[PDB]
Amino acid sequence: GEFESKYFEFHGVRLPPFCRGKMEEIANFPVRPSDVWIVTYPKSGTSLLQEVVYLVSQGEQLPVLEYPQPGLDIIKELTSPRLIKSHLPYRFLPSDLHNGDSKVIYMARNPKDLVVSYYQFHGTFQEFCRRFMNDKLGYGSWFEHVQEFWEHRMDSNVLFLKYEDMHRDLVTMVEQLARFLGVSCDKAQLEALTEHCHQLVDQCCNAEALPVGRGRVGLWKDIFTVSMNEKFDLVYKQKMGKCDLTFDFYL
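For each chain, numbering begins from 1 and proceeds through the sequence as written. The entry may number the same residues differently, and residues missing coordinates are not shown. Hydrogen atoms and water are omitted, and side-chain values are computed over all heavy atoms in the structure.

- Method-wise, the PDB entry is recorded as coming from X-ray crystallography, at a reported resolution of 2.24 Å.

- Looking at the PDB entry, the protein chain carries the name Sulfotransferase 4A1, with the source organism given as Homo sapiens.
- For this entry, the PDB record gives the title as "Human Sulfortransferase SULT4A1".
- UniProt positions are given in the numbering used here, feature names are shortened, and annotations may be inferred rather than shown by experiment. UniProt annotates the protein chain under Subcellular location with the comment "Cytoplasm".
- Turning to the protein chain, the UniProt record has this under Sequence similarities: "Belongs to the sulfotransferase 1 family."

Below, the structure is given as structure tokens:
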């Protein structure tokens with residue numbers, strides 16, 4: 001696990017090696033009330049939802065807190081309002097966020113598309129999927145990462161979003177974000193801002209009215225074999241447990 005430093009094992013969670021020696025500094029990271037924290041499972045292919053949030057907050061570019069670059073020292077001195085990305089589980093986030101400070105948006109995605117995206121990000125797909133099912137990837141069990149943010153979705157500084165809802169209902173979503181983030185609009189400004197989010201999304205879309213590539217919903221169906229999928233579903237039901245979280249696996 002930590003053999004040859006491949007991973008850094010922290011309180012039962014396998015983290016990338018670059019997380020070693022800074023979990024105390026992140027726990028203590030001073031959060032500003034005007035910060036916007038975007039959390040995603042790694043390589044989950046939600047960039048487009050990220051662009052929409054960025055666009056909303058104003059009615060390679062975004063730093064990751066725990067990454068080698070730009071580093072925590074640069075992130076401390078960034079001018080407000082800061083847009084800060086992380087892949088850490090809720091529990092490993094700055095302790096200020098656990099007390100209700102600032103605003104954390106978690107972007108979930110159904111786990112079948114997410115494994116394809118992760119695998120296609122730039123190894124058989126099948127070993128990768130197996131490593132995913134056996135909780136072997138950096139940042140830990142996906143089932144744990146998602147269920148912890150779902151459990152906190154009613155918290156006042158937490159908005160749990162699902163990637164697929166951005167395609168089924170962008171309108172609800174954009175306003176949900178506007179209100180969460182205290183971006184105050186009259187009617188017309190909300191209609192306009194929504195139409196900008198729409199145009200920005202639609203510009204990646206094809207005849208499915210869905211993005212082409214890793215951000216496509218139902219992508220997994222073209223990749224998973226029948227047995228792979230039967231093995232997945234079985235793991236998924238077993239690891240999800242009593243959790244009442246559901247996804248759209250296609251649109």
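Let us keep going from here.
Thoughts on the overall build of the protein chain
- Looking only at helices and strands, one finds eleven helices and six strands in the protein chain.
- In this setup the radius of gyration rests on C-alpha atoms only. A globule is expected at 2.2 Å times the number of residues raised to 0.38. In terms of C-alpha radius of gyration, the protein chain reaches 18 Å, essentially the compact-globule figure of 18 Å for 251 residues.
- The C-alpha extent of the protein chain, read off along each of the three principal axes, is 50 × 45 × 35 Å.
- Accessible surface, the protein chain: about 12800 Å² in total, of which carbon and sulfur atoms supply 49%.
- The charge count includes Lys and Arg as positive and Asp and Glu as negative, but it does not include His or the ends of the chains. Each charge is placed at NZ for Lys, CZ for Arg, CG for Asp and CD for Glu. Charge-centre separation for the protein chain: the mean point of 28 positive side chains lies 5 Å from the mean point of 34 negative side chains. Helix numbering and strand numbering both begin at the N terminus, where a helix is a DSSP run of H or I of at least 4 residues and a strand a DSSP run of E of at least 2. The Shrake-Rupley method, run with a 1.4 Å probe sphere, supplies the accessible areas, and residue values consider only the shown protein chains as cover.

Focus: the sheet that holds strand β3 (residues 36-40)
- Each pair of strands is called paired provided DSSP finds at least two bridges between the two strands. Judged by pairing direction, the sheet is parallel, and its four strands sit side by side in the order β4-β3-β5-β6 without closing on themselves. Strand pairing shows two members of the sheet lacking a second neighbour, β4 (83-86) and β6 (158-162), which therefore form its edges. If you compare each strand with its neighbour and ignore which way they point, the axes differ by 20° on average.
- Where β3 and strand β5 (residues 103-108) come together, five bridges link them in parallel fashion. When the sheet's bridge partners are listed, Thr 40 is paired in β5 with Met 107.
- We call two residues in contact whenever any of their non-hydrogen atoms come within 4.5 Å of each other. The axes used here are C-alpha line fits, helices contributing only the stretch in contact, and every angle between their N-to-C directions lies in the interval 0 to 180 degrees. Against the sheet, helix α9 (residues 170-180) engages β5 and β6, with an angle of about 165° to β6.

What to know about the packing of aromatic side chains
- Here is the rule: rings of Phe, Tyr and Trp (six-membered ring for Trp) pair when centre to centre is within 6.5 Å. Planes less than 30 degrees apart are stacked, more than 60 are edge-to-face, and the remainder are tilted. As enumerated under the stated definition, the model contains 23 aromatic pairs in all.
- As a reminder, the over-ring test applies to NZ of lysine and CZ of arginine, requiring each to be within 6 Å of the ring centre and within 35 degrees of the ring normal. Lying over the aromatic face of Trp 220, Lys 112 brings its terminal NZ or CZ to 4.4 Å of the ring centre.
- Positioned above the aromatic ring of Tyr 250, the side-chain terminus of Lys 221 is 4.2 Å from the ring centre.

Let's talk about the environment of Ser 86
- Inspection of the secondary structure puts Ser 86 in strand β4.
- Assessed through its relative accessible area of 0%, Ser 86 is described here as buried.
- A C-alpha to C-alpha distance of 17 Å links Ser 86 and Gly 100, two positions 14 residues apart in sequence.
- Not counting residues within four places of it along the chain, the set of residues in contact with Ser 86 comprises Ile 38, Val 39, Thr 40, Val 64, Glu 66 and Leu 93. Only protein chains enter the accessibility calculation, which uses a 1.4 Å probe; a residue is then buried when its area is under 20% of its type maximum, exposed when over 50%, and partly exposed in between.

Considering the pattern of salt bridges
- What counts as a salt bridge is simple: a side-chain nitrogen of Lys or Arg found within 4 Å of a carboxyl oxygen of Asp or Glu. Using the criterion set out here, one finds eight salt bridges in the structure.
- One salt bridge connects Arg 168 with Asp 165, and the closest N-O pair in it is separated by 2.8 Å. On the criterion of helical spacing, the pair formed by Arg 168 and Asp 165 is a turn pair, its members being three residues apart in helix α8 (residues 165-168).
- Across the pair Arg 216 and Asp 222 runs a salt bridge whose closest N-O atoms are separated by 2.8 Å.
- Through salt bridges with shared partners, one network takes in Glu 208, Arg 216 and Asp 222.

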